[PDB]
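Novice: Protein chains in written order, with the entry's author numbering: chain 4, 623 to 728, 739 to 781, 792 to 836; chain 7, 508 to 730. Built from N, CA and C at the ideal position, the CB exists for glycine as well.
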Amino acid sequence: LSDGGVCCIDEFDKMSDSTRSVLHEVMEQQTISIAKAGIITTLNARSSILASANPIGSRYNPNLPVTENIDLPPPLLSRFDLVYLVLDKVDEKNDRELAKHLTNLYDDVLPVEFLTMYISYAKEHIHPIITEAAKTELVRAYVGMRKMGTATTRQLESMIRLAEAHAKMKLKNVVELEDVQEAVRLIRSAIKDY
Amino acid sequence: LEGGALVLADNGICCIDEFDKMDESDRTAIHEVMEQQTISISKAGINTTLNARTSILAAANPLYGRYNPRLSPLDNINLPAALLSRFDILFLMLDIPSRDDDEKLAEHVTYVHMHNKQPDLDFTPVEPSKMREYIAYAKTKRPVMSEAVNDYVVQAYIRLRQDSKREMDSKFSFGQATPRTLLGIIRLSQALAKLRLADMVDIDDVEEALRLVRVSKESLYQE
DNA sequence: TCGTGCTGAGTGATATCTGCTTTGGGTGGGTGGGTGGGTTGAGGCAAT
DNA sequence: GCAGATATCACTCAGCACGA
């Protein structure tokens, strides 16, 4: 039902692995094939997945590695294009500012009505095409990512997709060095640069 | 799709006893209702969301005997650690035998069984219908906050966050302060303001509410 | 130059007649009623 | 007793040839 949209999942950890196996094909082939009780057909599921998970313990412990704190099979975490890590550290200033921000309810932002039109126009008309400068340094970036060691071809494809997506934002038909630099910058700083 | 107990309490207070006996499905799906007032199901044929704006009151007891304060709270009941965190107020009620306490308890239940009213005459119990009218009138009102009380709330939240920096050693400290605690303090303060029928929340309401969040963990975590 | 009585033809209204059930199935019901009848088996999916 | 499909009989009209 989310063909062309963005699927949303709240509690990914609290899900039996039997159901999670379905998502293996969605994120890889963008299609689902069913063959049972005389029905043999494939339904397109060209949708984006946005899932969230919570740590095994009451909080996240920095000491242990990522594969232990969040659950989920290690291989599954590699499929996701970006895997963020947001933690609620305790500080005398961050907490103060957050409290002042969540209590005012009782730096301009574009109206949502115009933003939806913006994204729709960008998604329909623009179609970026990679350039030679992009490839010359994308090979470098991927090989460097693999050298420091989890890092597989899926990461390079994610870099390609992110570089293409960022160019879409600025309404350009060519992906420049800056956009791919931003993509790689985002990827390293998501898991977090210890 | 047939809704369960939670949906029948929409726009009301659901009433749950034996909270321990929930199965896995409810153990996991009660988080949705507690966080976001809606139940979402995407099973075989139904991909809709049930609207359930119901507050939850729950209770549980040891299966066999009495509580053991020395042992962790999770060591006597099956509820997971995550579930107990979401509750705004958590109360641990204890029954410690004692001659003096039981004497008065028996005398009070006894006076009730004799005349169907309170023994003490210091106060007259409020009539039921009048109390319901007052509750409705209070729920009609909608108060608001201000910067002056906001400063007090934020300072109190800062103190609460700092305090938990040392209490994290105990493994049963699921009541560790989080922004949810700040929002709960705000909610309780607004409740007290509603009872006063006023519109502007004052320092009194916030200080009283902070006492009910404190006396609910201190007396029920230290004992 | 023409007027009218006789005839075949065709509808209109009315006479008898058959029929008044009918039917498998739950968006036809059970105040329509069982002498009007309805007698599976594999495969998929939630609960666990 | 009631509606519908069907066939029966009786009555009246336009043409025709002759006589006025």
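Strictly under 8 Å for the Cβ-Cβ distance: is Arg718 (chain 4) near chain 7 by that measure?
Specialist: With 8 Å as the cut-off, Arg718 (chain 4) counts as an interface residue toward chain 7.
Novice: Could you list the residues in the region 793-819 of chain 4 with a C-beta less than 7 Å from some C-beta on chain 7, going in chain order?
Specialist: If the cut-off is 7 Å between Cβ atoms, the region 793-819 of chain 4 has nothing near chain 7.
Novice: I'd like the ranges of any beta strand (DSSP E) spanning at least 3 consecutive residues and lying wholly in the region 644-690 of chain 7.
Specialist: Entirely contained in the region 644-690 of chain 7, not one beta strand (DSSP E) run reaches 3 residues.
Novice: What does the alpha-carbon distance come out to for the pair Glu745 (chain 4) and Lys810 (chain 4)?
Specialist: Rounded to the nearest angstrom, the two C-alpha atoms are 19 Å apart.
Novice: Under a CB-based cut-off of 8 Å, is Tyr664 (chain 7) close to chain 4?
Specialist: For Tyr664 (chain 7), the answer is yes, since a Cβ of chain 4 falls inside 8 Å of its Cβ.
Novice: Below 8 Å CB to CB, which residues in the same chain sit around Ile802 (chain 4) once its five sequence neighbours on both sides are set aside?
Specialist: Hits under 8 Å: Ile762, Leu770.
Novice: Closest to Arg721 (chain 7) by C-alpha separation, out of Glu640 (chain 7), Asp595 (chain 7), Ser636 (chain 7), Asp609 (chain 7), would be which residue?
Specialist: Of the candidates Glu640 (chain 7), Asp595 (chain 7), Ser636 (chain 7), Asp609 (chain 7), the one whose C-alpha sits nearest the C-alpha of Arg721 (chain 7) is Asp595 (chain 7).
Novice: Going along chain 4 in order, which residues have a C-beta closer than 9 Å to the C-beta of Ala588 (chain 7)?
Specialist: What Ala588 (chain 7) touches in chain 4: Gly679, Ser680.
Novice: Going by DSSP in three states, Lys658 (chain 4) sits in which element: helix, strand or coil?
Specialist: Correct three-state label for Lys658 (chain 4): strand.
Novice: Determine, using beta carbons only, whether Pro604 (chain 7) and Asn583 (chain 7) come nearer to each other than 8 Å.
Specialist: Contact flag unset, no.
Novice: On the three-state DSSP scale, how would you describe residue 471 (chain 7)?
Specialist: Within the shown structure, residues of chain 7 are numbered from 508 to 730, placing residue 471 (chain 7) beyond reach of any answer.
Novice: Measure the alpha-carbon distance for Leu515 (chain 7) versus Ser562 (chain 7) and round it to whole angstroms.
Specialist: Cα to Cα, the separation comes out at about 12 Å.
Novice: So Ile693 (chain 7) contacts chain 4; which residues on that side make the cut at Cβ distance below 8 Å?
Specialist: Those within 8 Å of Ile693 (chain 7) in chain 4 are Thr725, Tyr728.
Novice: Residues of the region 605-621 of chain 7 in Cβ contact with chain 4 at a cutoff of 8 Å, in chain order, please.
Specialist: If the cut-off is 8 Å between Cβ atoms, the region 605-621 of chain 7 has nothing near chain 4.
Novice: Measure the Cβ-Cβ separation of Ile671 (chain 4) and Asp693 (chain 4) and say whether it is below 8 Å.
Specialist: Against a cut-off of 8 Å, the Cβ pair of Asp693 (chain 4) and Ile671 (chain 4) comes out as no contact.
Novice: Cβ closer than 8 Å: which chain 7 residues qualify as neighbours of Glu714 (chain 4)?
Specialist: Under the 8 Å cutoff, chain 7 gives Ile665, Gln669.
Novice: Using a cut-off of 8 Å between C-beta atoms, extract the partners of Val651 (chain 7) located in chain 4.
Specialist: What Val651 (chain 7) touches in chain 4: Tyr728.
Novice: Assess, as a yes-or-no matter, whether the region 530-550 of chain 7 is touched by the region 631-647 of chain 4 under the definition of 3 or more beta carbon pairs within less than 8 Å.
Specialist: As far as the Cβ criterion goes, the region 631-647 of chain 4 touches the region 530-550 of chain 7, which means the pair count is three or higher.
Novice: Alpha carbon to alpha carbon, what distance is there between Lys755 (chain 4) and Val826 (chain 4)?
Specialist: The straight-line gap from Cα to Cα measures roughly 22 Å.
Novice: Taking the DSSP output, what are the residues bridged to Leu672 (chain 4)?
Specialist: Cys630 (chain 4).
Novice: If the cut-off is 8 Å on Cβ atoms, which residues from the region 628-640 of chain 4 count as contacting chain 7, listed in chain order?
Specialist: Result list: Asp632, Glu633, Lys636.
Novice: Just to confirm, is the Cβ distance from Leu704 (chain 4) to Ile829 (chain 4) under 8 Å?
Specialist: Result yes, Cβ atoms of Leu704 (chain 4) and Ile829 (chain 4) sit closer than 8 Å.
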